[PDB]
Amino acid sequence: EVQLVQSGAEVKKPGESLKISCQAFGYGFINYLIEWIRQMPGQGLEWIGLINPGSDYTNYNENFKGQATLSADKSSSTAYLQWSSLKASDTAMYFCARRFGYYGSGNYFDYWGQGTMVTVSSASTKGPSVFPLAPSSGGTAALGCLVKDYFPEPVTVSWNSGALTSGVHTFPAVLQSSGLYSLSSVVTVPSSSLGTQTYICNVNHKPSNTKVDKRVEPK
Amino acid sequence: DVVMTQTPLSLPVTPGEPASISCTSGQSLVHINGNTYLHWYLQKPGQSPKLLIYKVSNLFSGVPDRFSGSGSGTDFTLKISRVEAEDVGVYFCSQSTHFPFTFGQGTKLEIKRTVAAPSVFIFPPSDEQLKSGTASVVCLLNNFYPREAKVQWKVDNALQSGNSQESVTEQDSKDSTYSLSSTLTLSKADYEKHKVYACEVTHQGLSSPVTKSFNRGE
């Protein structure tokens with residue numbers, strides 16, 4: 001199957017510009033009706049625009065006109081989305097897609113890029129502080145790790161280097177009142193395992209190159 | 001812009017039962033060429049949207065027979081013959097008759113199961129965090145259904161407001177349950193001047209509320 005491959009996550013300050021790419025690893029790019037669609041943080045889809053590389057036809061959602069620019073490099077089969085004066089509300093997962101053949105053709109596709117996460121914030125890179133959620137003192141106990149005050153997303157959490165996966169709940173990040181994210185990761189275990197097994201949350205934050213392995217112990 | 005409106009926004013379905021999702025457009029989606037460009041998508045968790053049905057009622061190749069569309073003009077219906085675990089996610093209608101192209105808000109389909117009370121756990125702040133000058137107190141509701149639960153924070157039996165954030169997992173695909181964290185945030189100063197910290201939990205699976213508490217220091 002012919003698919004689309006996009007460039008990597010973007011982290012930008014309000015006022016900055018952006019440039020993301022969408023390469024077809026298939027097929028013939030010049031005949032595509034390529035759409036850009038962004039998905040808002042818990043929200044719907046916002047349609048940005050369309051380009052046909054052949055013609056250089058472009059249509060823009062009026063709300064984004066003169067912020068957004070669609071272009072195409074016909075030589076490398078790559079579509080681009082440029083965006084100036086980013087605002088915090090431009091924080092979204094950005095998709096490129098090919099869904100529609102020329103109208104009247106009866107032709108439909110469903111090619112989606114893997115998505116490009118764009119974060120627009122004035123906050124600066126900060127590593128998380130990792131704190132224990134200690135099992136206190138019947139059959140089942142719960143414990144975890146509080147991962148606080150990091151920027152940007154994402155963080156990764158495993159338990160005991162991946163050896164522990166059953167009963168694990170890693171919560172979605174919430175943006176705090178500071179410009180900073182927070183999350184918790186929990187696991188339920190039998191209480192009889194507490195004296196017997198060790199529990200370490202492996203927290204990795206690539207953007208700041210912080211790796212923390214926090215041992216979680218009773219009381 | 002053509003406004004697309006979906007009802008309902010949340011759809012609990014018992015596995016094997018039918019499901020209907022309606023979409024209404026602000027104006028007709030009949031194009032000047034005679035086609036009606038109303039399409040239906042499913043966006044499974046973590047994935048990009050995938051096409052189910054194009055131009056009202058045409059099953060896209062590779063899509064299971066149990067999905068079907070009907071409608072005309074401004075009123076459209078997606079039906080799922082017998083819902084299955086793989087059907088979970090957000091269903092969107094999509095119009096491409098008029099520029100700018102637009103989408104419905106999304107309809108979240110989840111698996112319906114019997115009511116299951118949450119297991120509640122309260123966690124005090126760590127001393128390492130107390131050196132920070134902040135206290136996070138965490139309450140966990142584990143493996144409950146339905147999603148809807150009220151978490152009240154009581155501090156020396158005084159009821160807190162605006163002071164905590166909730167976070168909720170996606171529906172657990174294996175047991176159809178949700179888990180929820182409520183994190184109460186206090187200044188080290190405010191934490192150190194009260195005694196009882198209680199997480200109060202109301203839910204359909206509990207006849208009467210469950211309170212889990214600790215006293216600071218003990």
# chains A, B, ... in the order shown; residues from 1 in each chain; ligands from 1
>>> interface_residues(of="chain A", to="chain B", cutoff="8 Å", atoms="only C-alpha atoms", output="number ranges by chain")
A: 43-47, 49, 59-62, 104, 108, 110, 112, 114-115, 131-136, 142, 169-174, 184
>>> residues_around(residues="stretch 202-212 of chain A", least_positions_apart="2", cutoff="8 Å", atoms="only C-alpha atoms", output="PDB file with N, CA and C atoms, in the first residue's frame")
ATOM      1  N   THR A 125      12.074  23.820  27.763  1.00  0.00           N
ATOM      2  CA  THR A 125      12.412  22.437  28.065  1.00  0.00           C
ATOM      3  C   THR A 125      12.757  22.272  29.530  1.00  0.00           C
ATOM      4  N   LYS A 126      12.048  21.362  30.192  1.00  0.00           N
ATOM      5  CA  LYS A 126      12.342  21.026  31.565  1.00  0.00           C
ATOM      6  C   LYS A 126      12.070  19.550  31.737  1.00  0.00           C
ATOM      7  N   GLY A 127      12.953  18.893  32.487  1.00  0.00           N
ATOM      8  CA  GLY A 127      12.818  17.476  32.798  1.00  0.00           C
ATOM      9  C   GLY A 127      11.836  17.287  33.933  1.00  0.00           C
ATOM     10  N   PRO A 128      11.221  16.099  34.014  1.00  0.00           N
ATOM     11  CA  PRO A 128      10.239  15.868  35.072  1.00  0.00           C
ATOM     12  C   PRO A 128      10.877  15.616  36.427  1.00  0.00           C
ATOM     13  N   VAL A 130      10.225  13.104  39.382  1.00  0.00           N
ATOM     14  CA  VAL A 130       9.506  11.840  39.590  1.00  0.00           C
ATOM     15  C   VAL A 130       9.350  11.545  41.080  1.00  0.00           C
ATOM     16  N   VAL A 147       4.794  11.978  37.890  1.00  0.00           N
ATOM     17  CA  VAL A 147       5.733  12.602  36.966  1.00  0.00           C
ATOM     18  C   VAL A 147       5.271  14.055  36.735  1.00  0.00           C
ATOM     19  N   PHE A 151       8.384  19.615  30.296  1.00  0.00           N
ATOM     20  CA  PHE A 151       8.014  20.191  29.013  1.00  0.00           C
ATOM     21  C   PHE A 151       9.074  19.870  27.973  1.00  0.00           C
ATOM     22  N   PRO A 152       8.651  19.506  26.755  1.00  0.00           N
ATOM     23  CA  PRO A 152       7.273  19.309  26.353  1.00  0.00           C
ATOM     24  C   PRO A 152       6.872  17.848  26.549  1.00  0.00           C
ATOM     25  N   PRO A 154       6.718  14.253  24.630  1.00  0.00           N
ATOM     26  CA  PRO A 154       6.110  13.275  25.512  1.00  0.00           C
ATOM     27  C   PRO A 154       7.057  12.749  26.580  1.00  0.00           C
ATOM     28  N   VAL A 155       6.626  12.039  27.473  1.00  0.00           N
ATOM     29  CA  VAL A 155       7.429  11.321  28.432  1.00  0.00           C
ATOM     30  C   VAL A 155       7.171   9.808  28.208  1.00  0.00           C
ATOM     31  N   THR A 156       8.045   8.896  28.551  1.00  0.00           N
ATOM     32  CA  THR A 156       7.620   7.491  28.510  1.00  0.00           C
ATOM     33  C   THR A 156       7.770   6.797  29.858  1.00  0.00           C
ATOM     34  N   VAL A 157       6.823   5.966  30.210  1.00  0.00           N
ATOM     35  CA  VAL A 157       6.913   5.289  31.495  1.00  0.00           C
ATOM     36  C   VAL A 157       6.731   3.788  31.295  1.00  0.00           C
ATOM     37  N   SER A 158       7.681   3.028  31.821  1.00  0.00           N
ATOM     38  CA  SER A 158       7.503   1.600  31.952  1.00  0.00           C
ATOM     39  C   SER A 158       7.744   1.220  33.409  1.00  0.00           C
ATOM     40  N   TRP A 159       7.409  -0.021  33.742  1.00  0.00           N
ATOM     41  CA  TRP A 159       7.651  -0.539  35.065  1.00  0.00           C
ATOM     42  C   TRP A 159       8.610  -1.714  34.968  1.00  0.00           C
ATOM     43  N   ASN A 160       9.626  -1.706  35.837  1.00  0.00           N
ATOM     44  CA  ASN A 160      10.664  -2.744  35.878  1.00  0.00           C
ATOM     45  C   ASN A 160      11.181  -3.091  34.493  1.00  0.00           C
ATOM     46  N   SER A 161      11.681  -2.065  33.807  1.00  0.00           N
ATOM     47  CA  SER A 161      12.246  -2.159  32.455  1.00  0.00           C
ATOM     48  C   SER A 161      11.384  -2.874  31.418  1.00  0.00           C
ATOM     49  N   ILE A 200       9.970  -0.409  40.195  1.00  0.00           N
ATOM     50  CA  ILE A 200      10.657   0.771  39.681  1.00  0.00           C
ATOM     51  C   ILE A 200       9.928   1.289  38.449  1.00  0.00           C
ATOM     52  N   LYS A 214      12.839   5.430  39.311  1.00  0.00           N
ATOM     53  CA  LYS A 214      12.472   5.667  40.704  1.00  0.00           C
ATOM     54  C   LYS A 214      11.903   4.412  41.370  1.00  0.00           C
TER      55      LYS A 214
END
>>> residues_around(residues="residue A:175", least_positions_apart="4", cutoff="10 Å", atoms="only C-alpha atoms", output="PyMOL selection string")
(chain A and resi 149-153+179-183) or (chain B and resi 165)
>>> select_by_dssp(residues="stretch 20-177 of chain B", states="strand (DSSP E)", output="count of residues only")
74
>>> atom_distance(atom1="atom CA of residue A:81", atom2="atom CA of residue A:26")
19.6 Å
>>> residues_around(residues="residue B:77", least_positions_apart="3", cutoff="9 Å", atoms="only C-alpha atoms", output="JSON, numbers by chain")
{"B": [20, 21, 22, 23, 24, 56, 68, 69, 70, 71]}
>>> write_last_selection(atoms="C-alpha atoms", output="mmCIF file, in the first residue's frame")
data_model
loop_
_atom_site.group_PDB
_atom_site.id
_atom_site.type_symbol
_atom_site.label_atom_id
_atom_site.label_comp_id
_atom_site.auth_asym_id
_atom_site.auth_seq_id
_atom_site.Cartn_x
_atom_site.Cartn_y
_atom_site.Cartn_z
ATOM 1 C CA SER B 20 -26.756 4.358 14.902
ATOM 2 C CA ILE B 21 -24.951 7.668 14.502
ATOM 3 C CA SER B 22 -26.719 10.596 12.868
ATOM 4 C CA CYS B 23 -25.114 13.567 11.060
ATOM 5 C CA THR B 24 -26.947 16.748 9.966
ATOM 6 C CA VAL B 56 -23.557 8.523 1.720
ATOM 7 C CA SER B 68 -23.720 0.870 6.283
ATOM 8 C CA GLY B 69 -24.783 4.454 5.443
ATOM 9 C CA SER B 70 -28.010 6.110 4.323
ATOM 10 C CA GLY B 71 -29.550 9.608 4.092
#
>>> atom_distance(atom1="atom CA of residue A:79", atom2="atom CA of residue A:21")
5.7 Å
>>> atom_distance(atom1="atom CA of residue A:86", atom2="atom CA of residue A:14")
5.2 Å
